[PDB]
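A quick write-up on the structure given underneath.
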Amino acid sequence: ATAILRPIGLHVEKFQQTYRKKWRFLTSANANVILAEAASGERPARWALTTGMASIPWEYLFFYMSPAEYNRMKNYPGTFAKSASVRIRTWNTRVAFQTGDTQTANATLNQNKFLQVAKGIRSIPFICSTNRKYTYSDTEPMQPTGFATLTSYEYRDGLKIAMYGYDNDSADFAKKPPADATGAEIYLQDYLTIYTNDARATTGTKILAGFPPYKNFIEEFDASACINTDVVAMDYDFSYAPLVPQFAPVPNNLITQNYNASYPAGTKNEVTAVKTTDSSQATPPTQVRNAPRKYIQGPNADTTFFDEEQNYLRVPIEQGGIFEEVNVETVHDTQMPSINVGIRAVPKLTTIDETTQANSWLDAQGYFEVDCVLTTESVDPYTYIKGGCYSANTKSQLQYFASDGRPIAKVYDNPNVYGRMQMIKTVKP
Amino acid sequence: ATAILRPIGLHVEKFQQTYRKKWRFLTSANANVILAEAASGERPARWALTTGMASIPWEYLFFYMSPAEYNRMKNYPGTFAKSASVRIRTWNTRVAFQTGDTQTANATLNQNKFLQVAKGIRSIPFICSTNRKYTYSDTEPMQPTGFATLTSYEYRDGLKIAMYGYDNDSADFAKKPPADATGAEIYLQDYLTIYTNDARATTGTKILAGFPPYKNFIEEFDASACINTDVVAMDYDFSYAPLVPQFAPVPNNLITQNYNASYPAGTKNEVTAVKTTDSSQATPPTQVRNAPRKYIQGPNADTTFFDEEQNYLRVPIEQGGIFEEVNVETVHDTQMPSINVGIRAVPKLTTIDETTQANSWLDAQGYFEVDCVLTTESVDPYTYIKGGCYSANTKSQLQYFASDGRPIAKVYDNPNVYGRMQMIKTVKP
Amino acid sequence: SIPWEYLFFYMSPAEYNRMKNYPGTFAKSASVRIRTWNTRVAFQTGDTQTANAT
DNA sequence: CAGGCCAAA
DNA sequence: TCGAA
DNA sequence: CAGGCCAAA
DNA sequence: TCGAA
DNA sequence: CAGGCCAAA
């Protein structure tokens with residue numbers, strides 16, 4: 001029999017977008033030295049071991065998309081980041097012909113140059129590491145002598161301004177010609193740092209294990225043979241990266257009496273849980289279901305995380321485990337692999353009278369060409385005939401919140417805890 | 001070596017039973033009109049859109065089995081419903097030659113007849129719908145003008161009495177000759193109804209989305225070409241449909257000191273949880289393990305749900321997620337697909353002076369032949385030598401209970417919440 | 001008249017309201033297909049003096 | 001040799 | 001399977 | 001085109 | 001796998 | 001025919 005109607009279902013429009021950037025980065029070949037970091041609050045006294053492996057911030061949205069693209073993206077509710085890709089090529093590595101010292105005839109045409117690549121060091125459970133900005137000595141510019149006070153947020157903000165420039169009405173407009181326009185090189189300042197405990201003032205039983213042998217977890221190549229070659233190629237598929245919240249549904253409490261109904265979940269976990277661990281071992285690991293949560297669209301929505309533009313440069317793109325959907329969901333913890341690349345410090349051609357590492361270095365600089373692609377997807381659903389887009393309420397989203405109203409998000413800036421990236425309260429910009 | 005004994009194990013007898021019925025149903029081709037339903041308690045003011053798609057109650061035990069079969073089934077502890085099957089055939093659709101109005105010469109031999117089939121509309125998250133019994137206007141018998149106060153329980157009870165008749169000593173015996181004996185046609189009165197919010201008195205922000213386009217989720221066929229053809233064929237395998245509780249085990253507290261022992265569950269969920277959601281979004285979704293439960297056989301058993309015969313016509317056959325077994329179990333939420341079939345209203349042959357739908361209709365009637373089969377299974381276990389059947393205590397069953405002692409069961413009469421069938425307290429008959 | 005020349009013939013108020021968020025929108029093509037069903041003709045007219053039913 | 005541990009695969 | 005095979 | 005969401009498969 | 005493949 | 005139940009596989 002002829003069918004005059006068939007179940008065609010909803011009209012839903014899906015939109016895929018792609019964002020590409022090309023960056024050229026300059027890195028300094030820092031010496032590996034030990035710096036003391038004094039105790040401060042809950043931070044214990046510790047030793048820090050510096051490197052020249054600059055952090056590549058491929059985990060953040062500004063790395064892939066301009067302020068104009070970001071501003072336009074807010075007009076597409078339900079936008080999810082789907083995949084991110086990065087390719088790193090190295091160019092010729094420059095090493096100074098001589099050092100500043102005049103007493104030694106240290107100039108030499110012969111060079112030994114080495115390129116260092118570290119993938120996924122951030123997640124190694126027994127290596128405590130972060131990316132830090134150093135201060136350097138005036139006589140030895142390759143030698144860190146302390147820590148800059150710049151935060152990770154401020155570092156990424158400065159990188160973003162270098163990439164995309166100021167507003168046309170800024171008094172400081174001329175200070176940063178946008179590399180997205182010129183294609184000029186940008187200096188990176190955030191370097192992989194390895195920590196270990198400082199037991200000088202420790203009372204009772206001391207842990208005297210020294211350092212982890214972190215060189216056993218990096219790749220090091222002859223830089224003379226890597227000119228104009230790819231050294232890193234990484235692809236990442238996001239688990240849950242909601243960049244713009246979904247369209248709100250038509251609220252069923254306006255239509256139904258049973259809007260606050262209950263139903264079986266069986267043995268399935270449909271509400272996520274928060275895991276807390278304690279490496280001091282004063283308390284055992286705990287798992288708590290039904291964390292404080294807020295809807296991010298709809299009647300009582302709290303959109304602070306998206307209103308504050310946290311996901312542009314302050315927090316990583318991947319946020320799996322931080323958000324919930326009201327359906328029968330399966331959620332796991334997430335983290336993107338870290339990327340650090342750089343040039344090993346080049347010792348100055350001179351004699352020393354002891355069996356030690358070098359104490360003076362030649363100026364050396366890495367030149368890295370970075371390609372990056374980000375793909376996203378958004379939806380325009382029409383559940384109802386009038387009044388714009390509305391999604392099914394099974395698409396409704398929630399976000400972890402703290403009791404003071406601050407949204408909670410994943411952060412990659414702190415060292416891993418049991419190989420995990422912690423989630424912390426966001427800070428208002 | 002010759003074995004004089006081998007581990008033959010327990011003697012367990014398994015019994016399979018099959019229940020068949022054939023029903024012939026008459027449906028009215030109701031007009032699609034909008035009725036206002038005023039606010040009442042937690043029920044908000046809403047608009048209702050009527051249809052002629054009659055509900056087919058294939059989710060209930062009385063649809064498949066007579067009172068004699070049901071009464072006998074209570075003698076088989078551990079009876080589970082295994083599968084249910086329904087087949088629907090349509091016969092010739094009757095449309096009135098003319099309407100009651102005399103002023104218009106509206107009689108015509110030409111007809112356009114359409115059959116509507118809706119499968120699984122009940123579970124669609126963005127469509128708020130139930131089955132309702134209407135009141136109709138006297139001048140337009142196809143036109144609903146209000147809602148009857150009959151409950152779903154009373155509707156199904158009346159259907160059951162029509163199918164199987166009264167007791168031989170009833171004063172009303174002659175009023176309902178049983179269709180199970182005569183094979184005569186029965187009129188159905190419960191029709192699919194689509195709701196949307198009524199914002200006439202809403203203060204603040206209004207939702208003005210109108211209706212969902214529900215026609216995009218049904219199949220509609222030329223009824224002139226469907227005579228004597230199958231239109232619906234559905235099969236359902238039950239997850240957990242306990243019709244009679246299992247034989248009680250020999251209680252180990254009479255034999256052992258460690259009857260209240262504890263043991264690891266590991267990371268597996270062995271006790272089910274209740275999920276509560278809130279479409280008003282005042283609270284986030286919550287999941288609670290270890291709900292109030294009662295054993296349904298054994299020492300402290302509460303058999304109220306089965307003593308009250310709730311599963312015959314008041315609650316659906318499928319109850320997965322409502323019951324637990326003491327073993328290492330895996331449980332998920334359940335619901336059977338809904339079935340609604342009917343004839344579209346046939347406009348009267350007349351002119352109207354505006355661009356609207358028809359306001360007058362011809363009497364029209366659907367004729368549906370329904371075959372239904374239900375298969376069940378029960379067990380007689382002999383764990384012990386004397387005193388009748390006893391099961392292993394790993395077969396012990398529990399049911400969700402409310403704090404006032406009412407058993408909790410799934411219900412299909414309310415609109416879905418996030419695509420789920422809610423569980424509510426049962427009501428004493 | 002079949003008003004296939006107008007936007008409301010093809011798109012709902014919700015779709016129209018959402019479409020305003022896409023600057024540079026152009027309508028590219030429009031298609032219409034018309035099927036006829038059974039034509040109904042009255043058995044008789046209202047006049048009683050003539051036996052006109054057929 | 002990267003993504004919820006690696007000494008598991 | 002909220003990577004994905 | 002139905003059974004715990006569909007815009008996922 | 002308390003559908004079931 | 002044993003290892004988180006057996007009347008499930």
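Convention: sequence-line order gives letters A, B, ...; per-chain numbering from 1.
- Across the P atoms, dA5(E) and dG4(F) are found 23 Å apart, a figure rounded to whole Å.
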Inset, instruction - At under 4.0 Å between heavy atoms, which parts of nucleotides 1-9 of chain F does protein reach? Answer with one letter per nucleotide, 5' to 3': B base, S sugar-phosphate only, - none. - result: BBBBBBBS-
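- The CG-P distance, from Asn269(A) to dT1(E), rounds to 12 Å in whole Å.
- Remark: DNA chain H takes part in no stem of 3 or more antiparallel Watson-Crick or G-U pairs, criterion distances under 3.5 Å.
- Between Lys275(A) and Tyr418(A) the shortest side-chain heavy-atom distance does not fall below 4.5 Å.
- Using a 4.5 Å heavy-atom cutoff, the side chains of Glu329(A) and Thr272(A) are in contact.
- Contacts of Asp413(A) classified as salt bridge (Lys or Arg N to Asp or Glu O under 4.0 Å), with partners at least two apart in sequence or in another chain: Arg156(A).
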Name the atoms and distances for all side-chain donor-acceptor pairs under 3.5 Å in residues 239-250 of chain A, with sequence neighbours left out.
residue   : atom : partner   : partner atom : Å
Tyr240(A) : OH   : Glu325(A) : OE2          : 2.4
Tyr240(A) : OH   : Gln397(A) : NE2          : 2.9

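- For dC2(E), the OP1/OP2 oxygens have no side-chain nitrogen or oxygen of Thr330(A) closer than 4.0 Å.
- Take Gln335(B) and apply the side-chain contact (heavy atoms from CB on, under 4.5 Å) test, not counting sequence neighbours, and it matches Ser123(B), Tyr412(B), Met421(B).
- For CZ of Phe80(A), the number of neighbouring non-hydrogen atoms (other residues, nucleotides, ligands) closer than 6.0 Å is greater than 12.
- If you take atom P in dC2(G) and the same atom in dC6(F), they sit 24 Å apart, rounded to whole Å.
- With its glycosidic angle within 90° of 0, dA9(F) adopts the syn conformation.
- Across all strands shown, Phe80(B) has no heavy atoms under 4.0 Å from either base or sugar-phosphate atoms.
- Nearest heavy-atom pair, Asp237(B) versus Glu318(B), reported as atom, atom and distance to 0.1 Å: O-OE1, 4.4 Å.
- Qualifying side-chain contact (heavy atoms from CB on, under 4.5 Å) partners for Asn414(B), counting only residues two or more places apart in sequence or in other chains: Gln257(A), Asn258(A), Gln422(B).
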